[PDB]
Amino acid sequence: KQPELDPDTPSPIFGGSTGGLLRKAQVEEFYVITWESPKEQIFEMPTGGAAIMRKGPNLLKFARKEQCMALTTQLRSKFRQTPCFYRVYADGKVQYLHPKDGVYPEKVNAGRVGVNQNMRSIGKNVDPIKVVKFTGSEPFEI
Amino acid sequence: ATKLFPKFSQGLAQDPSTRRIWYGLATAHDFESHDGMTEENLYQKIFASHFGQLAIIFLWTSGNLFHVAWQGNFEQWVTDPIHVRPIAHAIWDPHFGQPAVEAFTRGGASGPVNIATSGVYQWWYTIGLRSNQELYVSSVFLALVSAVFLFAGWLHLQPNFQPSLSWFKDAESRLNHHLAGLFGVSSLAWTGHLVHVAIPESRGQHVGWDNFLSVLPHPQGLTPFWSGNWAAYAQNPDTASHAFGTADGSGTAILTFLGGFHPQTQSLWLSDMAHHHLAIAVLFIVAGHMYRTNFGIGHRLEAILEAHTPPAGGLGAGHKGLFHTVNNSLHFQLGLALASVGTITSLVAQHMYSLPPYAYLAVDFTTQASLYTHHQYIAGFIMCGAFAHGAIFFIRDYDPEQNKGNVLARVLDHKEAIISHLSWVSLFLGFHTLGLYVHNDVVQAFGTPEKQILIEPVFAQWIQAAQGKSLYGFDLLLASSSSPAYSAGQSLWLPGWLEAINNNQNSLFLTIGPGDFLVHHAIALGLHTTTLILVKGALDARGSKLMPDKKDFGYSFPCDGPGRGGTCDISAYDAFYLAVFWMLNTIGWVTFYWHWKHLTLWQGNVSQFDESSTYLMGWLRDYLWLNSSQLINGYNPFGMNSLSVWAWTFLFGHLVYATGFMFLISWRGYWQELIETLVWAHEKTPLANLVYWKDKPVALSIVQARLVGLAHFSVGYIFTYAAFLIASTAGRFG
Amino acid sequence: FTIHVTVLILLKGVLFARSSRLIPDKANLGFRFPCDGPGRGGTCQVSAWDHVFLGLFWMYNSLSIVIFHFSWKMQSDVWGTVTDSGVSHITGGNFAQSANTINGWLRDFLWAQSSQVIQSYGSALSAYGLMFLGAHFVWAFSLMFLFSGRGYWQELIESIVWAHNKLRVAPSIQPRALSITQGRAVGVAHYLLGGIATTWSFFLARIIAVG
Amino acid sequence: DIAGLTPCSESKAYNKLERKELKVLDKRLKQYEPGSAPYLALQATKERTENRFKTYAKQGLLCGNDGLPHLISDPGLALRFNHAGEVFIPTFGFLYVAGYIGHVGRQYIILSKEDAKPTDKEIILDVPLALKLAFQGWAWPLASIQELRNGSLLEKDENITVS
Amino acid sequence: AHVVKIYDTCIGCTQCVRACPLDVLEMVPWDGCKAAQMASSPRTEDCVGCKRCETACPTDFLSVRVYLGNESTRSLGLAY
Amino acid sequence: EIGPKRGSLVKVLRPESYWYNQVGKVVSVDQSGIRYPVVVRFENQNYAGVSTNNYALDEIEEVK
Ligand code: CLA
Ligand code: CLA
Ligand SMILES: CC1=C(/C=C/C(C)=C\C=C\C(C)=C\C=C\C=C(C)\C=C\C=C(C)\C=C\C2=C(C)CCCC2(C)C)C(C)(C)CCC1
Ligand SMILES: CC1=C(C/C=C(\C)CCC[C@H](C)CCC[C@H](C)CCCC(C)C)C(=O)c2ccccc2C1=O
Ligand SMILES: CC1=C(C/C=C(\C)CCC[C@H](C)CCC[C@H](C)CCCC(C)C)C(=O)c2ccccc2C1=O
Ligand code: SF4
Ligand SMILES: C[As](C)(=O)[O-]
Ligand SMILES: [Ca+2]
């Protein structure tokens, strides 16, 4: 069960910085991350300095998506902690992205069907002949 | 997704950034990668574009004629073309002070003016013109034809007038019409102009429109053309002491082939050019009848290329399937056209400083160099564009299925050998040229000029001796008398040629010293290196060993990522970038050589060149540091003069050059963070968060970055060299 | 101005090294890397190494301006020979109404004081002119590296390696072009070398013929 | 007489340049006593300068209107005259030395392609092998032509290309 | 956006995913030797085009190639 | 039993491959059955620094 975003979640103790949180975050979108973080500890922020983190699930949020994938990968690095992602649009609609499979896209989950791929040797593509349409960047099969 | 400017980009429209603005201002002329731009809807647009650009050209020439007629002193030039200098236009700039109005008043009949370096007075008076009204008429005519082309470009846009697609593929009839009509018929009309107006104007006769209805351009008028004996038109040419503004010893010959110079005007005989263009027109008319048409049999193209196949298989299929290849590709024709245009531009620049066609032109010493450098850089850019479109051909329009066995596939197959031999010739030239220059510099630094190396260019001197030169004494064709080449053509163009060739004061087969050897080899280095860069960018276009699938990312893409040990400037567009750098270098070396040759020649001290053109300290001292005192002294606390504007422009060129370096050295990524910082600062300024920018500010694209960098580079290079060539010449007169 | 711009470059390189607004995972990429990728419109010269790269150019500019100021002040308003009636300086006080214009630096200082460096072949100071021209040469040579990349050069090396393998004379070690970081390093090295060497030759050939 | 140039003895500019150089040398040669070191140095310099100017004018080398020597590089003009040494034999000498060098380097780089990790041999050379091959290449024209007729230098199109 | 493709030349090393900074591509069934995974691009609204996935892909020739397309707020990495 | 003998050196014919027309020994022709069974090993590095690669059996050919 992919968990959905929950407002009114406490935040880690930190002073402030000058990264992100601009006009884009108010009228376009903002991204959210949540993760366990037991054993209240010290961590580093991708757009700031060092901060403390209580035990129990805690939630953060930033401006760009990579600003949270960096934290997910960090959490991989040291102690096995398992955060998640969230999307937000102007209408308030929320979308869950990472990890949809729940098993961290680097590992397969029981079964799905992927797109944007073709069974052809590297190269051996089509010459610019018969490619006058050019459809932006061709999938070569659609 | 979000529609906005421009009208021909749906992917660049959703782009929330100022980048789309620059790509719209840039890709506005790329009428092939736009959305829904099939062929038959493209020829009509490109044809309207041809009309628009022709209208631009004619409006340019009309404005030139207008400012010559009203603001130029064309009347003050025709009478005594030696005591006066040209004028281009006036000035209403309020920023000038009182000394400035007194400094830009060379003429005296008006306020501030500017000298005319276009060389238009000479070319307009040689063809025959001695009144400003005759210039107003032509200016109005050119404006009218510009409007006509602006309308014709639009007429073929609405239906009932839109052409079809089969009308363009008929290359046979179009090439016939161009070889015969565009070249031959116009050349014959030009012969008529020279024989009916230019000649009468050379006789001081005021013959124009109101009187040519009964003027016989030749005694026994038009009868020899009916009753044979064409030779009757070349029996009384312009007398040696012929006056050009008057009839002091004139003649009645129209088709003359004495092949010499008009002593007073110092140019080709005004009557030689008539027979010249007449023969040219006849020969182009003969050429224009070669092809197959609806009812004209001739011989078609598909059966010729497929018949040029060496039986021994040295080429394979020969030229089979090239008709469908070329005729179905516009970039290949554009590459051929630009290559021919650049090579013939260089040819015309070579032929204008050696065979002056315009009366009273060679006496002027400022327009010559300006126009020569003009055409040299024009030809350089046109050649670089030819190679760029040659690479675009391989990138975008290519079908190796149809081309299995032709010469183009063979050329693509041994591309590594071509590139390697270009690299080798370049290495050879650079090594040896720089080595001889450094050797001469070190030898001069030790104070023993005798220990330097000076290769005697026996080959060019031999060819001159064959031309008629005798300063070298090789006893060759047109120099000895035991040869059929010297005997035959004795009453022909030979006397004038031989008299103008041995002259040691005109620019025609100059006395070549060993210092010309080194500079010709430097020019060969520059040409081979530029051609190396271009041929490499063109051949490694469909795919290289580092990037095999290069055909998928188009032509102008920044790079293929930092992977694989680094991939920077790998697209062919970047090779074109570097080849334009080398084009600037090569044309600059060529222009330095020509300029300093004619500068040592005009001071009567050609020995200065023959002695200082051997090393690099001379080029730096005797040419750059020396002939610039008026550039520095154009304005000073003592007081400025007419040469102040040219000095300020000489500094403007260096500023543009340094801005080019700004965009070249520093790359994009650095500036993205700074722009984000400036955005942070701009959004937080108190009470300064009112109506926002309409598009997001980001750093210029890497492709855009290097494009604008090279643009600044080229434009600053050009402005600096032109300001120098104009100021250091039209300020001292020596 | 020049010193503040140089400090700007250096400090913006130092601070944006652990983290930034664009790429948060910037510390793992190290200190000496050319970029991250052509994504987000293009990333070039983002590492602190590249900021030091640009700070070298700005330090060159600032120190050159300061040393030219020193030389021309000392030669115009300080140094000279004293006669019975006052002191007659080297230059006729050309510092007053020439420094106020960029052309002045080329009017009475660069153009005027460059006679010896290009006129010293007749004496024991010809080596100064030789170093002068050689430094110009190496400067433009550095420009070569600074304005080019590796793709073109790597493919040219490819064709040259083709030419080699036809006679079986290629090396066992794979001949690759210089790294992007090394390309920029060679660029800046030759650039500062040419600049400093030309200015050295000038200031050292001009000051011997006036003392 | 070739190319309007005159033998370099009859050049008034050449002798004027020699006199100029000698005057410029003597004006600062007169600054020192005949016993000191700088004086002997200037004496020897003048010696080999006079030797420069004397030894050049033998077997004929053309000087132009500038009085300086000008090398003739065309075979055929160096023949039918006495100029074969200006640049005709130096060409063959450099060709010989460059052959020598390339032959030795190629045979080295080939004989190293057989052992394990040849890359090491390119950063840690085989000094005795290089010395042996260095003293065996002065017959390379013989070995090159017959190794060409042999075919042991043409690779039978087994290399990496892209096209 | 950026048209990303994955050819049949692949071994399923799971490296171009633990290297992608934006978690764009997935790895779902493939019939391999020891790992048996193949990469796929189900979503591209967040792909910036950094070509970090092309550096870690050890396949010769590369299994993934980013066809550079049009830019957006995500594709330009704009926090504003 | 499917591909060439292990330890036997063979060349490459992948048009888009860094290693082209030059020889390289086979690590292990995949007998389990796959479209790229032959794993060839090369001593010299590539632009990426990789030494080995797997190719199809319709591409490799015999020795020099
Ligand atoms: C004496 C017998 C003879 C000879 C000598 C030739 C010779 C030739 N024939 Mg011909 N032919 C013959 C009999 C003969 N033919 C007969 C009996 C018939 C039937 C009637 C034909 C029918 C025929 C046809 C239909 C055609 C020819 C063509 C040609 C020319 C191209 C052949 C070729 O392989 O190019 C050589 C191939 C090369 C790759 C040469 C490479 C050139 C290098 C790369 C240039 C280097 C560039 C470099 C920068 C410049 C530096 C210069 C340096 C060397 C100093 C060639 C000069 C063809 C032609 O005219 O040209 C298209 C062609 O169309 N022949
Ligand atoms: C003055 C600056 C400069 C110099 C010297 C060069 C020199 C060269 N460029 Mg280049 N170029 C430049 C600026 C410069 N470029 C710039 C600004 C650009 C645009 C950014 C380009 C873009 C460009 C391109 C695209 C290409 C070149 C190429 C070449 C090479 C052609 C080789 C040749 O023709 O024979 C030899 C040329 C020489 C300069 C050799 C002289 C060097 C001597 C031997 C130094 C010897 C030093 C001494 C022995 C010991 C010193 C070492 C140590 C002790 C310090 C050549 C080495 C082409 C190439 O690579 O050739 C295949 C190539 O295609 N250039
Ligand atoms: C990139 C590319 C391209 C382009 C190309 C080019 C650019 C080319 C060119 C070229 C050129 C630019 C050429 C030129 C040339 C030259 C020639 C061809 C010559 C000759 C010879 C002769 C035969 C002569 C003779 C004579 C006479 C007649 C008399 C006097 C003497 C003399 C010698 C002068 C294309 C698109 C196509 C394709 C793709 C790729
Ligand atoms: C300063 C700088 C910037 C930033 C420069 C900026 C943001 C200025 C460009 C936009 C401003 C508004 C230019 C102002 C107007 C121009 C002087 C001319 C515009 C005229 C057009 C309308 C034709 C880059 O983006 C860059 C990118 C890649 C390599 C080097 C650099 C670089 O050096
Ligand atoms: C030419 C060039 C190269 C190629 C640089 C090369 C090939 C340097 C190699 C030259 C060295 C000096 C080779 C010398 C090694 C000799 C084979 C052995 C030394 C000689 C002994 C006697 C010591 C780049 O790598 C580059 C990178 C980024 C931007 C521009 C460029 C650039 O312009
Ligand atoms: S990195 Fe390349 S080889 Fe590895 S799993 Fe991804 S696509 Fe396949
Ligand atoms: C052609 As003859 C004058 O040598 O007989
Ligand atoms: Ca002459």
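Calculation rules
Residues numbered from 1 in each chain as written, not as in the entry; some residues may be left out. Chains lettered and ligands numbered in written order. Part of a larger assembly, values for the part shown. Heavy atoms only, no water. UniProt positions renumbered as here; feature names shortened; annotations may be inferred. Helix = DSSP H or I, 4+ residues; strand = E, 2+ residues; numbered from the N terminus. Buried < 20%, exposed > 50% of the residue type's maximum accessible area, 1.4 Å probe, protein only. Polar contact = N/O pair within 3.5 Å; in protein donor to acceptor, adjacent residues only side chain to side chain. Contact = heavy atoms within 4.5 Å. Buried area = accessible area lost by both parts, 1.4 Å probe. Salt bridge = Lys/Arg side-chain N within 4 Å of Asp/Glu carboxyl O. Nonpolar A, V, L, I, M, F, W, Y, C, P; charged D, E, K, R; others polar. Near = heavy atom within 4 Å. Areas by Shrake-Rupley, 256 points an atom, 1.4 Å probe, with all protein chains shown as cover. Patch = residues over 30% accessible without salt bridge, like charges linked within 9 Å, V, L, I, M, F, W, Y side chains within 5 Å. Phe/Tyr/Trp six-rings, centres within 6.5 Å; stacked < 30°, edge-to-face > 60°. Pairing = 2+ DSSP bridges. Axes fitted to C-alpha atoms, helices over the stretch in contact; angles between N-to-C directions.

By the method listed in its record, X-ray crystallography, this PDB entry was determined to a resolution of 3.400 Å.

Chain F appears in the PDB entry as PsaE from Dunaliella salina. Per the PDB header, the entry is named "Dunaliella minimal PSI complex".

The name that the PDB entry assigns to chain E is Photosystem I iron-sulfur center, with the source organism given as Dunaliella salina. On record in UniProt, under Subunit (unreviewed entry), the comment for chain E is "The eukaryotic PSI reaction center is composed of at least 11 subunits."

Q: I'm lost on the environment of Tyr20 of chain F in this one. Help?
A: Residue and element names in this part refer to chain F. Of note, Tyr20 is situated in the loop between β1 (9-11) and β2 (23-26). Judged by relative accessible area, which is 18%, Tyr20 ranks as buried. When the C-alpha atoms of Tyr20 and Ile60 are compared, they prove to be 9.9 Å apart, with 40 residues separating the residues in sequence.

Q: Would you mind showing me how to read the side chain of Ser17 of chain B here?
A: Tracing the backbone shows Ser17 of chain B in the segment before α1 (19-26). At a separation of 3.2 Å, a polar atom in the side chain of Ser17 of chain B contacts the main-chain amide nitrogen of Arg19 of chain B. Among residues more than four places away in sequence, those in contact with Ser17 of chain B are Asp695, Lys696 and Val698 of chain B together with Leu76 of chain E.

Q: Sorry if this is basic, but what is going on with the interface of chain D and chain C here?
A: Where interface size is given, it is often the accessible area lost as the parts come together that is meant. Counting residues at the interface gives 15 residues for chain D, matched by 10 residues for chain C. Counting the surface lost from both chain D and chain C, the interface buries some 1,200 Å², and carbon and sulfur atoms represent 49% of this. For chain D, the biggest contributors to the area lost against chain C are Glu122, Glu155 and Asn159 of chain D; these three give 34% of the whole. Inspection of the chain D/chain C interface yields one salt bridge. Among the ionic pairs, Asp157 of chain D bridges to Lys166 of chain C, the shortest N-O distance being 3.4 Å. For the pair chain D and chain C, the number of links is eight residue pairs in polar contact. For the side of chain D that touches chain C, the secondary-structure elements that each account for two or more residues are α3 (89-111) and α4 (118-123) of chain D. With four residues, the top contributor of residues to the side of chain D that touches chain C is α4 of chain D. For the side of chain D that touches chain C, the class distribution of residues is six nonpolar, four polar and five charged.

Q: Explain the site of ligand 4 here, please?
A: Residues and elements named next belong to chain B. In the region of ligand 4, the neighbouring residues are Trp22, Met662, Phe663, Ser666, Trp667, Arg668, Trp671, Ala699, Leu700 and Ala705. Taking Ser666, its side chain carries an N or O atom lying 3.1 Å from an oxygen atom of ligand 4. Contact between ligand 4 and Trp671: an oxygen atom at 3.2 Å from a side-chain N or O atom of the residue. Relative to its unbound accessible surface of 780 Å², ligand 4 loses 49% to contact with the protein.

Q: Sorry if this is basic, but what is going on with a nonpolar patch on the surface here?
A: Residue and element names in this part refer to chain B. Judged by side-chain polarity, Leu182, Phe183, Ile280, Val282, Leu283, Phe284 and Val286 come together as a nonpolar surface patch covering roughly 620 Å² of accessible area. It is helix α10 (residues 272-287) that provides the largest number of residues to the nonpolar patch, a total of five residues. Locating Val282 in the fold gives a position in helix α10. Owing to a relative accessible area of 45%, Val282 belongs among the partly exposed residues under this scheme.

Q: Can you help me understand the packing of aromatic side chains in this one?
A: Aromatic ring pairs: the centre-centre distance and the angle between the two ring planes describe each pair. Residue and element names in this part refer to chain B. For the structure on display, the rule yields 85 aromatic pairs over all chains. Ring geometry for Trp167 versus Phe168: centroids 4.8 Å apart, planes at 70 degrees, classification edge-to-face. Ring geometry for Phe244 against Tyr360: centres 6.0 Å apart, planes inclined by 70 degrees, an arrangement best described as edge-to-face. Of this pair, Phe244 sits in the loop between α9 (223-226) and β3 (261-262) while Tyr360 sits in the loop between α13 (330-352) and α14 (367-396); the two residues are 116 residues apart in sequence, bridging distant segments of the chain. As far as burial versus exposure is concerned, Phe244 and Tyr360 are alike and both buried.

Q: Before we go on, may I ask you to explain the pairing of strand β4 (residues 64-67) of chain E in this structure?
A: The side chains of a regular strand alternate, residue by residue, between the two faces of the sheet. Residues and elements named next belong to chain E. Side chains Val64 and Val66 project from β4 onto one buried face, and the interleaved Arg65 and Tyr67 project onto a second face that is buried too. The pairing of strand β1 (residues 3-6) with β4 spans four bridges and is classified as antiparallel. Across the sheet, the residue bridging to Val3 is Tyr67, located in β4.

Q: I keep staring at the site of ligand 5 and nothing clicks. Help me out?
A: All names here are of chain C. Close to ligand 5 lie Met144, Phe145, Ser148, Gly149, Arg150, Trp153, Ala177, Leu178 and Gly183, which account for all nearby residues. At 3.2 Å from an oxygen atom of ligand 5 is found a side-chain nitrogen or oxygen belonging to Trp153. In the environment of ligand 5, an oxygen atom lies 2.9 Å from a nitrogen or oxygen atom belonging to the backbone of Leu178. Contact with the protein chains covers 40% of the free accessible surface of ligand 5, which is 800 Å². When its residues are assigned to classes, the shell around ligand 5 shows five nonpolar, three polar and one charged.

Q: Sorry, what's going on with the pattern of salt bridges here?
A: Side chains carrying opposite charge are able to pair once their charged atoms draw close together. The tally for this structure, following the rule as stated, stands at 40 salt bridges over all chains. Salt-bridge contacts for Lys597 of chain B lead to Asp516 of chain B; the nearest nitrogen and oxygen are separated by 3.7 Å. With a gap of 81 residues between them, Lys597 of chain B in helix α21 (residues 572-602) and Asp516 of chain B in helix α20 (residues 514-539) connect regions that are remote in the sequence. A relative accessible area of 1% places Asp516 of chain B in the buried class. Overlapping salt bridges, with partners in common, bring together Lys415, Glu416, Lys536, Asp540 and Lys550 of chain B together with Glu155 of chain C in one network.

Q: Please explain the interface of chain C and chain B as it appears in this structure.
A: Each partner contributes to the interface: chain C provides 58 residues, whereas chain B provides 60 residues. Taken together, both faces of the contact between chain C and chain B bury some 5,300 Å²; the carbon and sulfur share is 67%. Counting the surface chain C buries against chain B, the share from its top three residues, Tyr121, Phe147 and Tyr152 of chain C, is 15%. Here chain C and chain B share four salt bridges between them. Between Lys550 of chain B and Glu155 of chain C there is a salt bridge; the shortest N-O distance is 3.0 Å. Between the two partners, chain C and chain B, sit 27 residue pairs in polar contact. Every element with two or more residues in the side of chain C that touches chain B is listed here: α1 (2-15), α2 (48-78), α3 (102-113), α4 (115-119), α5 (126-147), α6 (151-165) and α7 (180-206) of chain C. Of the residues in the side of chain C that touches chain B, the class split is 29 nonpolar, 19 polar and 10 charged.

Q: I'm lost on the sheet that holds β1 of chain F in this one. Help?
A: By way of backbone hydrogen bonds, the strands of a sheet pair with one another, either parallel or antiparallel. All names here are of chain F. The strand order across the open sheet built from four strands is β1-β2-β3-β4, with neighbouring strands paired in antiparallel fashion. In this open sheet, the two edge strands, each paired with only one partner strand, are β1 and β4 (52-55). Taken over all neighbouring pairs, the strand axes of this sheet differ in orientation by 45 degrees on average, direction set aside. In this sheet, strand β3 (residues 38-41) lies alongside β2 in antiparallel orientation, the contact comprising two bridges. Bridged to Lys25 within β3 is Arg41.

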